[PDB]
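What follows is each chain in one-letter form.
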Amino acid sequence: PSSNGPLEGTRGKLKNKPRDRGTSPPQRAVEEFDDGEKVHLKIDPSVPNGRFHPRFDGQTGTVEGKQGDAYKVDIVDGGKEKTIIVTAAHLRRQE
Amino acid sequence: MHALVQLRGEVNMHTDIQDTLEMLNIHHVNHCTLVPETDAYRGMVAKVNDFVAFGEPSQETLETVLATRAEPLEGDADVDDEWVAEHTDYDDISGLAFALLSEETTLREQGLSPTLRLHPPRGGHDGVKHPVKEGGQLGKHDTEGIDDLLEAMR
Amino acid sequence: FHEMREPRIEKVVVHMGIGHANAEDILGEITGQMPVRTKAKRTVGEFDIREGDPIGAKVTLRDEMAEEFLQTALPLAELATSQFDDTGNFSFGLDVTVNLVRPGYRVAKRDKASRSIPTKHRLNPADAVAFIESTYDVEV
Amino acid sequence: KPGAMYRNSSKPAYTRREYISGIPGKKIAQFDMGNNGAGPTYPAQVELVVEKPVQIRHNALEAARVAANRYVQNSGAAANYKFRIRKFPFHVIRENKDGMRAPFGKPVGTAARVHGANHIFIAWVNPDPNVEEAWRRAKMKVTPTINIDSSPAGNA
Amino acid sequence: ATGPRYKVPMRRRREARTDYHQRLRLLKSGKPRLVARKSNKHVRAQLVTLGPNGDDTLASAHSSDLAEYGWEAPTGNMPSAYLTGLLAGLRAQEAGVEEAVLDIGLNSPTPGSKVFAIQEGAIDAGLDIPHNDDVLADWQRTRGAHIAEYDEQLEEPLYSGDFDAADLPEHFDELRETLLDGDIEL
RNA sequence: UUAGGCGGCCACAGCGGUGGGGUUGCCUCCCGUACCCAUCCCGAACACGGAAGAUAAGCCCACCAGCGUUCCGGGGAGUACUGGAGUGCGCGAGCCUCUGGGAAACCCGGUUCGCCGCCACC
RNA sequence: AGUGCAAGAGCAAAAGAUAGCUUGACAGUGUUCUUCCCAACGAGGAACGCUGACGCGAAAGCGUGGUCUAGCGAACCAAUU
RNA sequence: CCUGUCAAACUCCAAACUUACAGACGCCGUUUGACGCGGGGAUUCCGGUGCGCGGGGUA
Ligand SMILES: [Cl-]
Ligand SMILES: [Cl-]
Ligand SMILES: [Mg+2]
Ligand SMILES: [Mg+2]
Ligand SMILES: [Mg+2]
Ligand SMILES: [Mg+2]
Ligand SMILES: [Mg+2]
Ligand SMILES: [Mg+2]
Ligand SMILES: [Mg+2]
Ligand code: NA
Ligand code: NA
Ligand code: NA
Ligand code: NA
Ligand code: NA
Ligand code: NA
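Residues numbered from 1 in each chain as written, not as in the entry; some residues may be left out. Chains lettered and ligands numbered in written order. Part of a larger assembly, values for the part shown. Heavy atoms only, no water.

- The record lists X-ray crystallography as the method behind this PDB entry and 2.9 Å as its resolution.

In structure tokens, the structure reads:
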């Protein structure tokens, strides 16, 4: 890469298809998950806060407690265990 | 149920391919195993497709091989009708073979080694650079085509 | 059907597009209520570079305040036709514009469940001339 | 310079003028020839079909087209036919003209990428195929071997 | 509309009915919403919660079913508002609902407005709602005193036939009084 | 749901168009400014108070496909591209065979003029 | 369109405009991610909390500077609280 | 309206494929103790080739 910022190479994943443009529905930004639940991490280009480092877009971790409103999802980066602070806006229930 | 015979060595073959062959219990050239026709098994032989020979064997042929090349999970013991009868749920080789073909049981379930270490093809095979439709000995075969290979490697 | 379809005057805006005022006074008397400043946008050569800046005033008259004004304004005008809106409006003159529409307009001006008026329920240049002309004067 | 240096479609597509500057103008004079006032209302329609994907520098396009159309004056300056070269030289080509250090070249020309089987030229003629000859001279000046294909014309 | 790239607003925004930005703030509390809505002739008060396929209304009250308790006055006014709030508030209590936040939808937070009146009522019914006392009306206007005094400048009954001539903020008391003990649907 | 309130999905729901519907459950337009409140000017809006009138707007209901959209059939196409294999072909560029996947444009014909949840209600 | 500045991205009852008011560009201490994919490594950066005190708002709530990714510096020594 | 062409820094579309998690089969581990944890000792940080995909370059 020509530079090493967090958005380097994120033009694709952090953009919306023209029709999904504009403010997202609140229902999901308010979803309540329980510890133990599997959730898919995917940033919502429309929602500025509650994000995580792009690299983890695609991961499916396990909710383990929360911090403030945000949740703490455990994921495994390659072989390393990591804890990710993400808001519901960017989470989906697996299955 | 198909019969798998590895016809190509390990040198240079993708690891994930070699591993598959290993998961299907074949670790040497000319070694053969019987595999149920399932989605999961189908996907594995498709992957191993270019280094193996496979097809559905005829009852007889299976029997001949079972008789000539079957082995206990351990030891030299010949697997003959008697062995079969005194050690398995069946009464004789034919009984066993029918069970394998109909995929009702497996070589392990009956205390037999998952592997039929065949002999090199008497007369040689059709080559390992082309598939069957091309005159080679690789890929899927005819029940008659698989038999001839198995039989020559009896 | 009618009664709720027959035209009516909704606001008459009287504004003096000056270029920098003392003119408010006359607008206050000529109408009957306070005028409003007219800031401008964009910086331009007519020494009008100032963004927020008084450059005219206006007065939006409604109801009687509007008629009682038109009952002297119109007479001072002659024109008609071509000089009319596609929505049945018209401006003559110091400027004096007249906005005309039918009974259910609030539907497009309210906050909740607002909606734009359907072309059919809109006012045409013709249906307008008629309404006004039929009120102390002549068309073209 | 030689066609050898640019006849292969091995490099990335390089055409964004928004990031390329100093691109030389095309030598191709025209694309529509003959009676361009008229539309393809002709009995016979022959085409010159390139038989291999290649890159053709505007150089070759002009030389090819000229040699063909210039010849189609076996029919006359205002003859009845219409000739069309359908491809355009979009692909910008460079040259590293220091050695291999900072070798990204400088713009030196343009070329058109044609894929085997496309028709680069289409002529429209009445049963009077002098055009077939205009093309034996045209493919004479482009890298690939070519196929002279006739379309509407069972007037053999 | 125009093309494949065109962006159409969410249905409830097209209909200009829901202000989603505010709705998100509302939902934040994690508490039920006390939906305060109006109509030219009526006033509605609902207690909504969140749900898998959309909102759930656990307790509601409409200015029309107010008469069902002895209301013999118009229903698009202050006293009516308060009461409808109190009514819903109580049904709310019965439902096992203890707290909620005020959703005034697309209305304006003007002081002493009917919504706030609706809020006051629901509060008094026993419901716990984040509020601000001095944004509410001064009890008398809630009773409907501003109206009785308006009919004082009579010469012609403020009420076409209806009930009374000089109107009755007392009728208000009599009703609130009623809702505060026993009775059906509460 | 003989017209309501809050929503979910967020165009299958958009754009445009036709027909129908209200002594009342109703929603509206509508009437009107003493009050709470309100317009850098206007009770336009916002807010409050109210029913003389109206179903013309909106809204609700039934429907139209011309545009935009969703999905499906047949054709394009098992084409383009492609994971695995080859002492197959080609000066080469590159192509071909076996095996596992598999498109886009476009045409023609259907579909689509929202679906669903909770509450309230002759 | 605008949103201070590259490029890419976000945003319309707004993240833009206008008006008004305000100083959360606050003190303290952390969690996590990043810096350094995987996989050890400082400064720096961010996201998200808590404690204290505040601003605005009817209120839910928003404010841990500017919508996001650049704008930065160890030990020793000095001045400063 | 008709007609002729393009895109590494275009996208109304869109694979093969790669990839997170989960189940299933397979294989493996529970005296051959896997997965993992803690510690001792390194070597190593001139690589090269074939094939696929590349970027630069006439090569
Ligand atoms: Cl993170
Ligand atoms: Cl409302
Ligand atoms: Mg990319
Ligand atoms: Mg053994
Ligand atoms: Mg021999
Ligand atoms: Mg051979
Ligand atoms: Mg009607
Ligand atoms: Mg910020
Ligand atoms: Mg990849
Ligand atoms: Na969105
Ligand atoms: Na040099
Ligand atoms: Na040639
Ligand atoms: Na001013
Ligand atoms: Na109507
Ligand atoms: Na750090």
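So much for the structure itself; the text now carries on.
### Digging into the overall build of chain A
Okay, step 1: On a plain count of helices and strands, chain A comes out with one helix and five strands.
Okay, step 2: Each helix (α) and strand (β) of chain A, taken in turn from the N terminus, gives the series α-β-β-β-β-β.
Okay, step 3: Taking 2.2 N^0.38 as the reference for a compact globule, 95 residues should give roughly 12 Å; the C-alpha atoms of chain A span a radius of gyration of 14 Å, in line with that estimate.
Okay, step 4: Sorting the 95 residues of chain A into buried and exposed places 33% on the buried side.
Okay, step 5: Contacts in chain A between residues far apart in sequence, at least 24 positions, make up 57% of those at least 6 positions apart.
Okay, step 6: In chain A, 17 side chains carry a positive charge and 15 a negative one; their mean positions are 10 Å apart. (Helix = DSSP H or I, 4+ residues; strand = E, 2+ residues; numbered from the N terminus. Rg over C-alpha atoms; globule rule 2.2 N^0.38 Å. Buried < 20%, exposed > 50% of the residue type's maximum accessible area, 1.4 Å probe, protein only. Contact = heavy atoms within 4.5 Å. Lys, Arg positive; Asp, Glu negative; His and termini not counted. Charge placed at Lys NZ, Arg CZ, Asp CG, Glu CD.)

### Points about a positive patch on the surface
Okay, step 1: A contiguous patch of positive charge, built from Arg106, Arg110, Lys112 and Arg115 of chain C together with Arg12, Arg17 and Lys38 of chain E, is present on the exposed surface.
Okay, step 2: Summarising the element assignment, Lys112 of chain C is placed in the loop between α3 (106–109) and α4 (125–133).
Okay, step 3: Assessed through its relative accessible area of 33%, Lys112 of chain C is described here as partly exposed. (Patch = residues over 30% accessible without salt bridge, like charges linked within 9 Å, V, L, I, M, F, W, Y side chains within 5 Å. Areas by Shrake-Rupley, 256 points an atom, 1.4 Å probe, with all protein chains shown as cover. Salt bridge = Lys/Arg side-chain N within 4 Å of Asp/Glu carboxyl O.)

### Some words on the side chain of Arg94 of chain D
Residues and elements named next belong to chain D.
Okay, step 1: With respect to the secondary-structure elements, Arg94 resides in strand β5 (residues 91–95).
Okay, step 2: Despite its burial, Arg94 pairs with no opposite charge, the nearest such side chain being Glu95 at 12 Å.
Okay, step 3: Beyond its immediate sequence surroundings of up to four residues, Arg94 is in contact with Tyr6, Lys11, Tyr14, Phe104, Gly105, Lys106, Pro107 and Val108.

### A word on the nonpolar core
Okay, step 1: Ranked by internal contacts, the top residues of the largest apolar core, which has 43 residues, are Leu34, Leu47, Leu83, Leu87, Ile129 and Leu179 of chain E.
Okay, step 2: Contributions of two or more residues to this core are made by β1 (33–38), β2 (43–49), β3 (56–62), α3 (78–95), α4 (114–124) and α7 (169–179) of chain E.
Okay, step 3: The greatest single-element share of this core, amounting to nine residues, is contributed by α3 of chain E.
Okay, step 4: When near neighbours in sequence (up to four residues on either side) are disregarded, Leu87 of chain E contacts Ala61, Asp65, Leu66, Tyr69, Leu179 and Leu186 of chain E.
Okay, step 5: One finds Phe31, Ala60, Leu61 and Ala134 of chain D within the second-largest nonpolar core, a separate group that totals 30 residues. (Core = buried A, V, L, I, M, F, W, Y, C linked by side-chain atoms within 4.5 Å.)

### Quick word on the interface of chain E and chain A
Okay, step 1: The interface of chain E with chain A comprises 13 residues on the first partner and nine residues on the second.
Okay, step 2: In total, chain E and chain A occlude about 990 Å² of area from one another, counting both sides; carbon and sulfur atoms represent 64% of this.
Okay, step 3: Our count for the contact surface shared by chain E and chain A stands at zero salt bridges.
Okay, step 4: Taken together, chain E and chain A are joined by one residue pair in polar contact.
Okay, step 5: Split into classes, the residues belonging to the side of chain E that touches chain A amount to eight nonpolar, three polar and two charged. (Buried area = accessible area lost by both parts, 1.4 Å probe. Polar contact = N/O pair within 3.5 Å; in protein donor to acceptor, adjacent residues only side chain to side chain. Nonpolar A, V, L, I, M, F, W, Y, C, P; charged D, E, K, R; others polar.)

### Let's talk about the protein's contact with RNA strand F
Okay, step 1: The environment of RNA strand F is made up of 95 residues, and the closest members are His130 of chain B, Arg62 and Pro103 of chain C together with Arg37 and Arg44 of chain E.
Okay, step 2: At a separation of 2.9 Å, a phosphate oxygen of RNA strand F approaches a polar side-chain atom of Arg8 of chain B.
Okay, step 3: Within the contact set of RNA strand F, a phosphate oxygen lies 2.3 Å away from a side-chain nitrogen or oxygen of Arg37 of chain E.
Okay, step 4: Top contributing element to the surface near RNA strand F by residue count: β1 of chain E, with four residues.
Okay, step 5: For the surface near RNA strand F, the per-class residue count stands at 27 nonpolar, 31 polar and 37 charged. (Near = heavy atom within 4 Å.)

### Points about the sheet that holds strand β5 (residues 91–93) of chain A
Residue and element names in this part refer to chain A.
Okay, step 1: Pairing within the open sheet is antiparallel, and its five strands lie in the order β4-β3-β2-β1-β5. Both outer strands of the open sheet, β4 (80–86) and β5, are each paired with one neighbouring strand and no more. With direction set aside, neighbouring strand axes in the sheet form an average angle of 45°.
Okay, step 2: The sheet contact formed by strand β3 (residues 70–77) and β4 spans seven bridges and is antiparallel. Across the sheet, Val73 pairs through a bridge with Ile84, a residue of β4. (Pairing = 2+ DSSP bridges. Axes fitted to C-alpha atoms, helices over the stretch in contact; angles between N-to-C directions.)

### Brief notes about the packing of aromatic side chains
Okay, step 1: According to the stated counting rule, one finds twelve aromatic pairs over all chains in the structure shown.
Okay, step 2: Ring plane angle 15° and centroid distance 4.8 Å describe the contact between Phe84 of chain C and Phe90 of chain C, whose orientation is recorded as stacked.
Okay, step 3: One cation-aromatic arrangement involves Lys66 of chain A over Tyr71 of chain A; the distance from NZ or CZ to the ring centre is 4.0 Å. (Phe/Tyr/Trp six-rings, centres within 6.5 Å; stacked < 30°, edge-to-face > 60°. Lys NZ or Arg CZ within 6 Å of the ring centre and 35° of its normal.)

### Considering the packing of α3 of chain E against α7 of chain E
Residue and element names in this part refer to chain E.
Okay, step 1: It is the contact of α3 with α7, at a shortest axis distance of 10 Å, that shows an interaxial angle of 5°. In terms of their interaxial angle, α3 and α7 are classed as roughly parallel. Across from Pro79, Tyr82, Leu83, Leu86, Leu87 and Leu90 in α3, the residues of α7 making contact are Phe172, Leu175, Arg176 and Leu179.
Okay, step 2: When the residues that make up the contact of α3 with α7 are grouped by side-chain class, the tally is nine nonpolar, no polar and one charged. (Parallel < 35°, antiparallel > 145°, perpendicular 65-115°, else oblique.)

### Details of the sheet that holds strand β4 (residues 82–85) of chain D
All names here are of chain D.
Okay, step 1: A sheet is described by the order of its strands in space; here five strands give the open sequence β1-β4-β7-β2-β8, paired in antiparallel fashion. Where the open sheet ends on each side, the last strands, each with one partner, are β1 (32–34) and β8 (146–150). With strand direction ignored, the average angle separating the axes of adjacent strands in the sheet is 15°.
Okay, step 2: Two elements, β1 and β4, share three bridges in a ladder whose sense is antiparallel. Directly across from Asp32, in β4, lies its bridge partner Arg84.

### A word on the interface of chain E and chain C
Put simply, an interface is often sized by how much accessible area is lost when its parts join up.
Okay, step 1: At the junction of the two partners, chain E supplies seven residues and chain C supplies five residues.
Okay, step 2: When chain E packs against chain C, the two sides together hide about 420 Å² of surface, and 43% of this comes from carbon and sulfur.
Okay, step 3: Of all residues in chain E, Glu15, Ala16 and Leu106 of chain E give up the largest surface area on contact with chain C, accounting jointly for 64% of the area buried on that side.
Okay, step 4: Put simply, chain E and chain C have zero salt bridges between them.
Okay, step 5: Counted by class, the side of chain E that touches chain C contains two nonpolar, one polar and four charged residues.

### As for the pairing of β3 of chain A
Residues and elements named next belong to chain A.
Okay, step 1: Pairing of strand β2 (residues 60–67) with β3 involves four bridges; the strand directions are antiparallel. Bridging from a neighbouring strand, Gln67 pairs with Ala70 of β3.
Okay, step 2: Connecting β2 to the antiparallel partner β3 that follows it, the hairpin turn spans two residues, and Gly68 within it adopts a positive phi of roughly 75°.
Okay, step 3: Where β3 folds back onto β4 in an antiparallel hairpin, the turn is made up of two residues, including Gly78, whose phi is positive at roughly 70°.

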